[PDB]
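I have placed the structure first, in the form of structure tokens, so that the comments after it can refer back to it.
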Amino acid sequence: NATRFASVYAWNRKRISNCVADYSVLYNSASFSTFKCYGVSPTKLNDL
Amino acid sequence: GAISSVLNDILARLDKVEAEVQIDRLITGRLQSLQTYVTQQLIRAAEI
Amino acid sequence: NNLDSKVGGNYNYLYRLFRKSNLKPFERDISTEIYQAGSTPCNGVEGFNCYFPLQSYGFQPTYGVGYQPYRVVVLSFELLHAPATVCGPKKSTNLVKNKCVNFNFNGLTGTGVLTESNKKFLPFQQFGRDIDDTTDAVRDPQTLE
């Protein structure tokens, strides 16, 4: 929900730590046409 | 060839459809290991 | 498109059109420096058979879906190596000892029995293993016991 994002020539990596997550706000939102993952199922993310 | 050898690490990260493709490898590896071990032990059970 | 596309092209954004070879994963290249595309070397800012390594985005809202821009994120992460500095939002329970339990600690779901351990962990450890390669100890994430 921030405004700006990087270019693919110089993609921004940010680190997340010492905090609690929530992925229901992703998986319940049609703002994203895709949310596609290779090592975990999306609904498992909440418990992981 | 499964995502991990801890089977709880399949059952904590994957849903049934894709967890199957991982768990089935773990069944295959283990079952073969037991068909190996029991045949090795049978051949020894005659040495005894 | 309804955010980022610019009526003449949002050329501010670049992608890489050339490199010596392919790259290793997670390599970010911030070179402006000209790529060499024939038998000649190059000097100066540019040259004949020397090509500029980036190309500018020309996002216009008149373009087709596909040729349009699409914002992308790559949420990447790793598992059970270390004391998990991030976790999803699920609630705890009070602690229980010495009864058969469907335990969990940071997603290590299992069936077991939890017992006060005189194993000499240093400040750093979260878990313990044994000679049969079995996970036999853990430090409670709320109380350091």
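Letters for chains follow the order of the structure tokens (A, B, ...), residue numbers begin at 1 for each chain, and ligand numbers begin at 1 in the order shown.
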
Practice item. Name all residues at most 12 Å from residue 29 (chain B) (count only C-alpha atoms; drop same-chain ones fewer than 5 positions away) and give them as a ChimeraX atom specification. Key: /B:1-2,5,22-24,34-36

Review point. Would you list which chain C residues are within 6 Å of chain A using only C-alpha atoms, as a PyMOL selection string?
Key: chain C and resi 13-16+85-89+107

Could you dump the residues just selected with C-alpha atoms as a PDB file, in the first residue's frame?
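Contents of the output file out_20.pdb:
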ATOM      1  CA  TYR C  13      12.176   3.063 -15.157  1.00  0.00           C
ATOM      2  CA  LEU C  14      14.828   0.895 -16.879  1.00  0.00           C
ATOM      3  CA  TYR C  15      15.524  -2.813 -17.598  1.00  0.00           C
ATOM      4  CA  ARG C  16      18.786  -4.498 -18.623  1.00  0.00           C
ATOM      5  CA  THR C  85      12.270 -13.451  13.718  1.00  0.00           C
ATOM      6  CA  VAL C  86       8.953 -13.306  11.715  1.00  0.00           C
ATOM      7  CA  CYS C  87       5.747 -15.337  12.135  1.00  0.00           C
ATOM      8  CA  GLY C  88       2.041 -15.247  11.089  1.00  0.00           C
ATOM      9  CA  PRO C  89      -0.625 -13.942  13.479  1.00  0.00           C
ATOM     10  CA  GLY C 107       5.345 -24.392  13.125  1.00  0.00           C
TER      11      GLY C 107
END

Could you give me, as a Markdown table, a per-residue list for chain B showing, wherever an atom lies at most 12 Å from an atom of chain A, the closest pair of atoms and their distance in Å to one decimal, using only C-alpha atoms and sorting by chain then residue number from low to high?
| residue | atom | partner | partner_atom | distance |
| --- | --- | --- | --- | --- |
| B:2 | CA | A:39 | CA | 10.7 |
| B:3 | CA | A:39 | CA | 7.4 |
| B:4 | CA | A:39 | CA | 10.2 |
| B:9 | CA | A:40 | CA | 10.1 |
| B:10 | CA | A:40 | CA | 8.8 |
| B:11 | CA | A:44 | CA | 9.5 |
| B:12 | CA | A:44 | CA | 7.0 |
| B:13 | CA | A:40 | CA | 5.0 |
| B:14 | CA | A:41 | CA | 5.1 |
| B:15 | CA | A:41 | CA | 6.1 |
| B:16 | CA | A:41 | CA | 9.7 |
| B:17 | CA | A:41 | CA | 10.0 |
| B:18 | CA | A:41 | CA | 8.4 |
| B:19 | CA | A:41 | CA | 9.3 |
| B:22 | CA | A:39 | CA | 10.8 |

Produce a table with one row for each residue of chain C that has an atom at most 10 Å from any atom of chain B, each row naming the nearest atom pair and its distance in Å at one decimal; use only C-alpha atoms; arrange rows by chain and rising residue number; format as JSON lines.
{"residue": "C:79", "atom": "CA", "partner": "B:9", "partner_atom": "CA", "distance": 9.4}
{"residue": "C:80", "atom": "CA", "partner": "B:9", "partner_atom": "CA", "distance": 9.4}
{"residue": "C:107", "atom": "CA", "partner": "B:12", "partner_atom": "CA", "distance": 6.6}
{"residue": "C:108", "atom": "CA", "partner": "B:8", "partner_atom": "CA", "distance": 7.1}
{"residue": "C:109", "atom": "CA", "partner": "B:8", "partner_atom": "CA", "distance": 6.3}
{"residue": "C:110", "atom": "CA", "partner": "B:8", "partner_atom": "CA", "distance": 6.9}

Point to revise | Polymer residues at most 12 Å from residue 49 (chain C), only C-alpha atoms, same-chain spacing of 5 or more positions, as a PyMOL selection string | key: chain C and resi 34-43

May I have the residues from that selection written out with N, CA and C atoms, as an mmCIF file, in the first residue's frame?
data_model
loop_
_atom_site.group_PDB
_atom_site.id
_atom_site.type_symbol
_atom_site.label_atom_id
_atom_site.label_comp_id
_atom_site.auth_asym_id
_atom_site.auth_seq_id
_atom_site.Cartn_x
_atom_site.Cartn_y
_atom_site.Cartn_z
ATOM 1 N N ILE C 34 28.672 0.613 -20.960
ATOM 2 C CA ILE C 34 28.372 0.127 -22.303
ATOM 3 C C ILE C 34 28.843 -1.321 -22.506
ATOM 4 N N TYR C 35 27.968 -2.134 -23.096
ATOM 5 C CA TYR C 35 28.224 -3.509 -23.520
ATOM 6 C C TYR C 35 28.907 -3.532 -24.892
ATOM 7 N N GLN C 36 29.760 -4.520 -25.159
ATOM 8 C CA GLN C 36 30.524 -4.581 -26.409
ATOM 9 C C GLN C 36 29.957 -5.676 -27.320
ATOM 10 N N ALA C 37 29.502 -5.274 -28.512
ATOM 11 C CA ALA C 37 28.633 -6.071 -29.384
ATOM 12 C C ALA C 37 29.279 -6.504 -30.718
ATOM 13 N N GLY C 38 30.558 -6.180 -30.932
ATOM 14 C CA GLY C 38 31.358 -6.633 -32.072
ATOM 15 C C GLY C 38 32.825 -6.852 -31.701
ATOM 16 N N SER C 39 33.654 -7.173 -32.688
ATOM 17 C CA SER C 39 35.091 -7.429 -32.494
ATOM 18 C C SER C 39 35.873 -6.222 -31.960
ATOM 19 N N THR C 40 35.417 -4.991 -32.217
ATOM 20 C CA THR C 40 36.033 -3.774 -31.659
ATOM 21 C C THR C 40 35.839 -3.670 -30.136
ATOM 22 N N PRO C 41 36.855 -3.208 -29.384
ATOM 23 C CA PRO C 41 36.634 -2.651 -28.059
ATOM 24 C C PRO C 41 35.919 -1.296 -28.169
ATOM 25 N N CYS C 42 35.588 -0.710 -27.024
ATOM 26 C CA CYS C 42 35.011 0.623 -26.920
ATOM 27 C C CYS C 42 35.862 1.543 -26.034
ATOM 28 N N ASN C 43 35.755 2.844 -26.289
ATOM 29 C CA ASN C 43 36.237 3.939 -25.446
ATOM 30 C C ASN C 43 35.167 5.050 -25.409
#

Practice item. Among the residues of region 50-140 of chain C, find those DSSP assigns to strand (DSSP E) from the backbone and print them as a ChimeraX atom specification. Key: /C:50-51,54-56,86-87,101-103,110-112,127-128,137-138

Using the selection just defined, write its residues with N, CA and C atoms as a PDB file, in the first residue's frame.
ATOM      1  N   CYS C  50      29.135  -0.643 -29.804  1.00  0.00           N
ATOM      2  CA  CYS C  50      29.017  -0.621 -28.342  1.00  0.00           C
ATOM      3  C   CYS C  50      27.566  -0.235 -27.963  1.00  0.00           C
ATOM      4  N   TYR C  51      26.841  -1.047 -27.182  1.00  0.00           N
ATOM      5  CA  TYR C  51      25.419  -0.794 -26.875  1.00  0.00           C
ATOM      6  C   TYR C  51      25.143  -0.522 -25.402  1.00  0.00           C
ATOM      7  N   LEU C  54      21.021  -0.581 -20.544  1.00  0.00           N
ATOM      8  CA  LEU C  54      19.615  -0.451 -20.136  1.00  0.00           C
ATOM      9  C   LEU C  54      18.687  -0.009 -21.286  1.00  0.00           C
ATOM     10  N   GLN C  55      17.376  -0.132 -21.101  1.00  0.00           N
ATOM     11  CA  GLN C  55      16.336   0.391 -21.992  1.00  0.00           C
ATOM     12  C   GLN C  55      15.185   0.980 -21.141  1.00  0.00           C
ATOM     13  N   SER C  56      14.647   2.153 -21.513  1.00  0.00           N
ATOM     14  CA  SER C  56      13.647   2.916 -20.733  1.00  0.00           C
ATOM     15  C   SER C  56      12.199   2.509 -20.967  1.00  0.00           C
ATOM     16  N   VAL C  86      10.269 -13.635  12.278  1.00  0.00           N
ATOM     17  CA  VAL C  86       8.953 -13.306  11.715  1.00  0.00           C
ATOM     18  C   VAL C  86       8.021 -14.505  11.867  1.00  0.00           C
ATOM     19  N   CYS C  87       6.752 -14.286  12.197  1.00  0.00           N
ATOM     20  CA  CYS C  87       5.747 -15.337  12.135  1.00  0.00           C
ATOM     21  C   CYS C  87       4.338 -14.790  11.892  1.00  0.00           C
ATOM     22  N   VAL C 101       0.693 -34.605  24.148  1.00  0.00           N
ATOM     23  CA  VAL C 101       0.264 -33.312  23.629  1.00  0.00           C
ATOM     24  C   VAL C 101       0.517 -33.166  22.131  1.00  0.00           C
ATOM     25  N   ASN C 102      -0.426 -32.534  21.429  1.00  0.00           N
ATOM     26  CA  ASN C 102      -0.263 -32.092  20.050  1.00  0.00           C
ATOM     27  C   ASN C 102       0.441 -30.718  20.054  1.00  0.00           C
ATOM     28  N   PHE C 103       1.734 -30.720  20.374  1.00  0.00           N
ATOM     29  CA  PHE C 103       2.528 -29.504  20.534  1.00  0.00           C
ATOM     30  C   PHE C 103       2.786 -28.777  19.207  1.00  0.00           C
ATOM     31  N   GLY C 110       3.738 -31.407  16.184  1.00  0.00           N
ATOM     32  CA  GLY C 110       3.917 -32.846  16.408  1.00  0.00           C
ATOM     33  C   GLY C 110       3.158 -33.381  17.621  1.00  0.00           C
ATOM     34  N   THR C 111       3.225 -34.690  17.851  1.00  0.00           N
ATOM     35  CA  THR C 111       2.718 -35.362  19.055  1.00  0.00           C
ATOM     36  C   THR C 111       3.886 -35.731  19.964  1.00  0.00           C
ATOM     37  N   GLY C 112       3.805 -35.422  21.257  1.00  0.00           N
ATOM     38  CA  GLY C 112       4.928 -35.618  22.175  1.00  0.00           C
ATOM     39  C   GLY C 112       4.588 -35.390  23.638  1.00  0.00           C
ATOM     40  N   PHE C 127      16.972 -25.444  19.844  1.00  0.00           N
ATOM     41  CA  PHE C 127      16.583 -26.870  19.782  1.00  0.00           C
ATOM     42  C   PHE C 127      17.740 -27.834  20.085  1.00  0.00           C
ATOM     43  N   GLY C 128      17.449 -29.113  20.331  1.00  0.00           N
ATOM     44  CA  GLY C 128      18.448 -30.178  20.499  1.00  0.00           C
ATOM     45  C   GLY C 128      18.112 -31.496  19.785  1.00  0.00           C
ATOM     46  N   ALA C 137      14.884 -31.808  22.210  1.00  0.00           N
ATOM     47  CA  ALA C 137      14.748 -30.671  23.130  1.00  0.00           C
ATOM     48  C   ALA C 137      14.401 -29.341  22.436  1.00  0.00           C
ATOM     49  N   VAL C 138      13.744 -28.429  23.164  1.00  0.00           N
ATOM     50  CA  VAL C 138      13.412 -27.069  22.706  1.00  0.00           C
ATOM     51  C   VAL C 138      13.293 -26.053  23.853  1.00  0.00           C
TER      52      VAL C 138
END

Exercise for review: Looking only at helix (DSSP H, G or I) from DSSP on the backbone, list the matching residues of chain A as a count of residues only.
Suggested key: 10
